[PDB]
Amino acid sequence: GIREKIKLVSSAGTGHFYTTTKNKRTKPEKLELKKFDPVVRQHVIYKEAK
Amino acid sequence: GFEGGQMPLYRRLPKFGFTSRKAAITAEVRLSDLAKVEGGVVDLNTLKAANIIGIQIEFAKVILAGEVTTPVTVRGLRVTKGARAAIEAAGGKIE
Amino acid sequence: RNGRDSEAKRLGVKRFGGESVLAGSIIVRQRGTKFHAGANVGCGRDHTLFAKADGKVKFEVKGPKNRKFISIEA
Amino acid sequence: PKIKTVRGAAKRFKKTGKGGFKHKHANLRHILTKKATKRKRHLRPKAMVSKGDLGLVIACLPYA
RNA sequence: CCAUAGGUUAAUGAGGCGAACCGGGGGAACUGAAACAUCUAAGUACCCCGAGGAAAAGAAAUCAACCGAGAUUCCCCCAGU
RNA sequence: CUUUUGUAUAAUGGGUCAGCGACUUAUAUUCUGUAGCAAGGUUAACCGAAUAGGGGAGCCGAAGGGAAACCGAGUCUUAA
RNA sequence: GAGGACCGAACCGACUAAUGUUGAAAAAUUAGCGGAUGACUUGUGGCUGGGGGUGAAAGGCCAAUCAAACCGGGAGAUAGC
RNA sequence: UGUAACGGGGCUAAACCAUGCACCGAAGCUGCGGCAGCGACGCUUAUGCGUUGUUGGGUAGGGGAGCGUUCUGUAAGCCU
RNA sequence: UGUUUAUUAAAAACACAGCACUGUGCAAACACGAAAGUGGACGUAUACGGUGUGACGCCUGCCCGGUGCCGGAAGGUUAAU
RNA sequence: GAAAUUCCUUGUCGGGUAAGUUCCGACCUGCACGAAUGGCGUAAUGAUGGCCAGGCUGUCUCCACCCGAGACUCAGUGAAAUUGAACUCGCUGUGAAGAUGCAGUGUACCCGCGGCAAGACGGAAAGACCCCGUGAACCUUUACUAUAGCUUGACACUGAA
RNA sequence: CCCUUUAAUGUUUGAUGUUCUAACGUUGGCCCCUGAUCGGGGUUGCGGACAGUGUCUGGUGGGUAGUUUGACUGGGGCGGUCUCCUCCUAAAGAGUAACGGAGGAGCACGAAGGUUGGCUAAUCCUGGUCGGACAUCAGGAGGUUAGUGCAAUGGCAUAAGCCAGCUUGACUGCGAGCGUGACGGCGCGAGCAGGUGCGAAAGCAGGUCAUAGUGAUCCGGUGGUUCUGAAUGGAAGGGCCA
């Protein structure tokens, strides 16, 4: 509701992104996680918490 | 498709896909039609002379659908893996 | 001031005792436990017990708290 | 006159081999962040039109 | 002022009516959409103008697809695609 | 009679007779029956000594999966 | 000798009551009533045409029809009643 | 509005209670005759017809059979 | 005084003389009219149109925030181009 | 100023009447008057609204009688609305819930004529009210979308210095 | 000799006033057609690139016009309601109405998720540096009367409660099988594949104790995809995936 939608973009150069939510006013740290990229089939770092 | 005024099923559901404009110009040749092509040579233009495919067709595929019996010669078409194993099983050469 | 209720969740026992179930068959839908997962039965995230194996459904009170379990016996 | 196909139905359904109709699933257009990935995974294959709906579809698609 | 406009007198020709078809100029709304405005009905009803035994169109600034076709009109399919 | 939960109903309709008065038609589609021919079946316009014969342009069926390219008794899904 | 003066017939109206209400009459009769030299009244022609006219204004009147006349057409509008 | 709070007459049992027996009483059941649907019957030898079982209230509605009318053929036929 | 719902309302309604506001410089504003044109008017601000009020008598208070109208255009926004 | 305006309200007080929810005079506590959608008066005027009085009377108490036109009888002519069919009583009960028709029971010879109007949910007009219809019309406006008009600028007609 | 700038004489481009007349206006005079207040021509006068018309355009516009203005409802209106969750009604399976009885939701959370290793409350008594009924500490009682990010109900000690360690499984593709709806749909799911986290070993995780926290299609937007690519090669648009 008052959590914005962010767009977790992979580090593997492929265009695969996850999308999730985030309290933007509470947490301004760029959320980064090691998630799975199906385009390369490895766990890579996803970044850019919009 | 009226449902009362409930949203109808053909509007409840998403449209999908596109029309190919190459599926309209392709046809399938059964193996039953390899004996009627009048000459033992299955071209594209000789399948139309025997009224097998259709006059607007540019691509034909020969599929395994029944009983190739004769020495035939498929030239310029596509055949499947079953139809290639049946045309050569009756003595036919594919170009 | 009133007027609201919710849709009924169709809870309760779906396969009773002595019934033969396939694996993956839902045996009881419930909110809490009220029925614990014995042998050949998973609990599930909404606590829906379900048959992990083919066999018959078996209810039995067992434990130091007289809790109702559900086994599956092939 | 010829029967006019409901043209908006002819983009939602395609007729299959034994006579039924395949269709794309609803609920996979937008608003997907909140949907589970398991739930979105099951809406990706095409489904068959149900029993009760089929009489409404062959009414709509007479040249299918 | 030339000269026009005008004025007169001839010869010609025209007008008016007609049921439909036809070409052109104008052009609805009810209705359908289960309301309604985009859309529909429908360029229909109607109104006007003009013509002929028919009219209009018509001899590629056309299509096709690397082969080709060869002016317009009408009919059957293509395809309810 | 109609309409209704329900009508002797004080609900509707009819003064009476006689004549007329309301599920049609065209085309498309699907299903059942039936008939002909069957992995084929049928022609439309038109020609025509006209219900004949010609005309197979087509249409439907014998193959399907896939959004599609494509592949094809399999194919899509998916690196699999 | 003035006067949208007064009384009062014709004339023009239409306040009250009774009758009439399948009437003598789809608005009248009978007894009274208002104006009666005037913003009067009347004849004969004319002119304004329908979303228009005309209106000392009532939605009045526009051929016994008026919150949109009549006639013909769209048209067998549509009618979950 | 008129007895108007057994349907009435009337009843001291013709009212209650208990018991018992008989009888009346329906389009129910049974008898007798008929008709139809469905089955099971190979009963027949297309299978009609038979044999047995059982079923036949019906609105909406579905299914299955007919009747008659006008017109065409059969029809320059038959009736008149 | 008058007018009005012809055909259930004649009135306190309408009109009115008067009053005020406002528009209008004449090819007037307005109105009818796709236009030409014509009313206004063969008139011209002591004239015309629109609105409100309604002889006469005494009178007409306070509010310019809202909404219009009128005047201003420095800024802010803003079309086609 | 309790008014063409005052709900409470027949306010309250005065007058008028034997008695007055109306009237007239006030008071002001103006639900919710008010100054050109004019305020307060105002002679005259009005088929104007309300109130009182005198005259007058069949308006009335309370009607009587009379005169004509019908009604009524005879002769002639000759409609109408309506109407399922009728061999068409009362009561009480029942019942689609207010019965000539059902039940039970009273009563009742057959058929007119003049009358009357209690019922036949009497006749008339597919309720005008009230609902409903994704009815309609017309009207309103700061509803929506347009549009005539009016208005703005650009380009055109349209030039020179 | 080709530059940015600092201000100019020759000079393009955009407005401003004046001036002019030669379009245009003339509903000024005069002449003619014509002893015709129309019209047209002429000739002067005045106005003059204005005015006015066309196309485009902004505003204004009930002056007209087309229409819309919900349903439920113990008649309609007014009021209230409309989707979702929990309880009761609900008759010991499921389901079950009313303008029946009570409450809540339209989120939150990168930890409040995963895992691994621990842990066990409320209240009360007593003791008492301020300190009181209650801050903290210590014992006793008590046994969950607590706690569960948010209602209520089902649960919860193997804790689903509480604390730290390390972490991203809040994974991708699927899915036997079921449950639940008229359907659209929604839900549960072992297992398999690929990768990953936690154990100083073995031993789990496809979000949260569960159930509310939501919106079909169309139409677009944004990435990805060598799927289509209207002669061909491209592209545009479409598809598919997010």
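A note on names: the letters A, B, ... follow the listed sequences, proteins ahead of strands, and every chain is numbered from 1.
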J.: When you measure only distances, ignoring hydrogens and angles, does the side chain of D:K38 come within 3.5 Å of the base of K:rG207 through a donor and an acceptor?
T.: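 Side chain to base: no pair present.
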J.: Please indicate whether K:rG194 is base-paired to K:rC171 in either the Watson-Crick or the G-U wobble sense, using a 3.5 Å limit on both distances.
T.: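 Taken together, K:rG194 and K:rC171 make a base pair (Watson-Crick or G-U wobble, both distances under 3.5 Å).
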J.: In terms of side-chain geometry, is the basic nitrogen of C:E73 or C:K58 positioned less than 4.0 Å from the acidic oxygen of its partner?
T.: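 No, this pair does not count.
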J.: With both key distances required to be under 3.5 Å, would you call K:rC84 and K:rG74 a Watson-Crick or wobble pair?
T.: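 The answer is no: K:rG74 does not partner K:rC84.
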J.: Side chain of A:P38 only, please: which of K:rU172, K:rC171, F:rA68 is the nearest?
T.: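 My answer, after comparing the listed nucleotides, is K:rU172.
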J.: What about C:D5, does its side chain sit under 3.5 Å from the base of K:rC85 through a donor-acceptor pair?
T.: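 Counting by modelled atom types and ignoring angles, no donor-acceptor contact under 3.5 Å is found here.
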J.: Can K:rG173 and K:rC192 be counted as a Watson-Crick or G-U wobble pair, both distances below 3.5 Å?
T.: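 Taken together, K:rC192 and K:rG173 make a base pair (Watson-Crick or G-U wobble, both distances under 3.5 Å).
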J.: Taking the 3.5 Å cut-off for both atom pairs, check whether J:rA99 pairs with J:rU94 as Watson-Crick or wobble.
T.: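 Under the 3.5 Å cut-off on both distances, the two nucleotides are not paired.
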J.: Who else is in the cluster with D:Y63 when I, L, V, M, F, W and Y are joined by side-chain contacts under 4.5 Å?
T.: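 Its cluster partners, ordered by chain and number, are D:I3.
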J.: Using the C1'-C2'-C3'-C4' sign, is K:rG195 on the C3'-endo (north) or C2'-endo (south) side?
T.: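 By the sign criterion, K:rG195 is north.
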J.: Does the pair I:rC26, I:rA27 qualify as stacked when the test is that the six-membered ring centres sit under 5.5 Å apart and the ring planes lie under 30° from each other?
T.: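 Per the 5.5 Å and 30° rule, I:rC26 does not stack on I:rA27.
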J.: Set out, line by line, the N/O atom pairs under 3.5 Å between protein and nucleotides 240-242 of chain K.
T.:
from    : atom 1 : to    : atom 2 : distance (Å)
K:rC240 : OP1    : B:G17 : N      : 3.2
K:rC241 : OP2    : D:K24 : NZ     : 3.2
K:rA242 : OP1    : D:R44 : NH1    : 2.8

J.: Would you indicate what C:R29 reaches in the nucleic acid, counting non-hydrogen atoms under 4.0 angstrom: base, sugar-phosphate, or nothing?
T.: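 If one applies the 4.0 Å heavy-atom cut-off, C:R29 turns out to touch the sugar-phosphate alone, with no base involved.
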J.: Are C:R45 and K:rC188 close enough that a side-chain N or O sits under 4.0 Å from OP1 or OP2?
T.: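 True: C:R45 side-chain N/O within range (under 4.0 Å) of K:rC188 OP1/OP2.
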J.: Under 4.5 Å between side-chain heavy atoms, chaining through other members, with only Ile, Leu, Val, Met, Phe, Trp and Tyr counted: pull out the rest of the cluster around D:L28, sorted by chain and number.
T.: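 Via sub-4.5 Å side-chain contacts, D:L28 links to D:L32, D:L43.
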J.: If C1'-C2'-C3'-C4' is positive it's north, if negative it's south, so which is the sugar of F:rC23?
T.: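 With a negative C1'-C2'-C3'-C4' torsion, F:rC23 is south.
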J.: Can you pull out every side-chain hydrogen bond (donor to acceptor under 3.5 Å, both in side chains) where at least one residue sits in residues 10-27 of chain D? Sequence neighbours excluded, please.
T.: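 Those involving residues 10-27 of chain D do not exist here.
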J.: Does E:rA34 sit syn or anti, given that only angles within 90° of 0 count as syn?
T.: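 The base of E:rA34 is oriented syn (glycosidic angle within 90° of 0).
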J.: Determine the contact category for B:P14: base if any of its heavy atoms lies under 4.0 Å from a base atom, sugar-phosphate if only primed atoms, P, OP1 or OP2 are that close, otherwise nothing.
T.: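 If one applies the 4.0 Å heavy-atom cut-off, B:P14 turns out to touch the sugar-phosphate alone, with no base involved.
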J.: Would you indicate whether the side-chain heavy atoms of C:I70 and C:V57 approach each other to under 4.5 Å?
T.: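 Sidechains of C:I70 and C:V57: in contact.
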J.: Select base, sugar-phosphate, or nothing to describe what C:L11 touches, counting heavy atoms under 4.0 Å on all strands.
T.: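 Result for C:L11 = sugar-phosphate.
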J.: Kindly indicate whether E:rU62 forms a Watson-Crick or G-U wobble pair with E:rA69, where both distances must fall under 3.5 Å.
T.: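 E:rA69/E:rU62: base pair present.
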J.: Polar atom pairs between nucleotides 42-45 of chain F and protein, under 3.5 Å, N or O only, would you list them?
T.:
none

J.: Heavy atoms under 4.0 Å, any strand shown: does B:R84 hit a base, just sugar-phosphate, or nothing?
T.: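 Contact class for B:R84: none.
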J.: Any idea which of K:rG194, K:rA94, K:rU211 is nearest the C:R10 side chain?
T.: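 Nearest to the side-chain atoms of C:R10, counting from C-beta on, is K:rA94.
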J.: In whole angstrom, what separates B:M7's CE from K:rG184's P?
T.: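 For the pair B:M7 CE and K:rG184 P, the rounded distance is 16 Å.
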J.: For nucleotides 76-78 of chain K, print each protein N/O atom paired with a nucleotide N/O atom at under 3.5 Å, atom names and distance only.
T.:
none

J.: Is there a donor-acceptor pair under 3.5 Å between the side chain of B:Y10 and the backbone N or O of D:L56?
T.: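 Not a single qualifying donor-acceptor pair exists.
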J.: Toss me the dot-bracket line for RNA chain F: Watson-Crick and G-U wobble, both under 3.5 Å, 5' to 3', using | for pairs to another strand and [ ] for crossers.
T.: .(........)............................(((...((.....))...)))...((....)).........
J.: So D:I31, base contact, sugar-phosphate only, or nothing? Heavy-atom distance under 4.0 Å.
T.: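 Sugar-phosphate contact only.
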J.: Pull out every protein N or O sitting under 3.5 Å from an N or O of nucleotides 65-68 of chain E, one pair per line with the distance.
T.:
none

J.: Report the pucker family of K:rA231 (north if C1'-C2'-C3'-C4' is positive, south if negative).
T.: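 North.
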J.: For the nucleotides K:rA210 and K:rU153, report whether a Watson-Crick or G-U wobble pair is present, with both relevant distances below 3.5 Å.
T.: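 Paired, yes.
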J.: Cationic tip of A:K35 within the cone over A:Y46's six-membered ring, i.e. under 6.0 Å and within 45° of the normal?
T.: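 Checked: cation-pi criterion not met.
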J.: So, are E:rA79 and J:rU88 sitting in a Watson-Crick or G-U wobble pair, both contacts under 3.5 Å?
T.: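 No, E:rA79 does not pair with J:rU88.
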J.: Can you name the side chain to side chain donor-acceptor pair (under 3.5 Å) partners of C:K9, sequence neighbours left out?
T.: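 With sequence neighbours excluded, C:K9 shows a side chain to side chain donor-acceptor pair (under 3.5 Å) to C:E7, given in chain and number order.
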J.: Base, sugar-phosphate or nothing for A:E32? Non-hydrogen atoms, less than 4.0 Å.
T.: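 No contact.
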J.: Between H:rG34 and H:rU12, is there Watson-Crick or G-U wobble pairing, both distances under 3.5 Å?
T.: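 Not paired: H:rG34 with H:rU12 fails the WC/G-U check at 3.5 Å.
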J.: From the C1'-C2'-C3'-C4' angle alone, say whether E:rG50 leans north (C3'-endo side) or south (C2'-endo side).
T.: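 That sugar belongs to the north family, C3'-endo side.
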J.: Using a 4.0 Å heavy-atom cut-off to protein, can you give one letter per nucleotide of nucleotides 149-154 of chain K, 5' to 3': B if the base is in contact, S if only the sugar-phosphate is, - if neither?
T.: -----B
J.: Could you give all pairs that pass the side-chain hydrogen bond (donor to acceptor under 3.5 Å, both in side chains) test and reach residues 18-47 of chain B, with sequence neighbours left out?
T.: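 Sorted pair list: B:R30-B:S32.
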J.: Taking only nitrogen or oxygen atoms into account, show me every contact under 3.5 Å that the protein makes with nucleotides 76-80 of chain E, one pair per line with its distance.
T.:
from   : atom 1 : to   : atom 2 : distance (Å)
E:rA79 : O3'    : D:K2 : NZ     : 3.3
E:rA79 : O2'    : D:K2 : NZ     : 3.4
E:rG80 : OP2    : D:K2 : NZ     : 3.2
E:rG80 : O5'    : D:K2 : NZ     : 3.4
E:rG80 : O2'    : D:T5 : N      : 3.2

J.: Using the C1'-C2'-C3'-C4' sign, is F:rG56 on the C3'-endo (north) or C2'-endo (south) side?
T.: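 Of the two classes, F:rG56 takes south, because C1'-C2'-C3'-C4' is negative.
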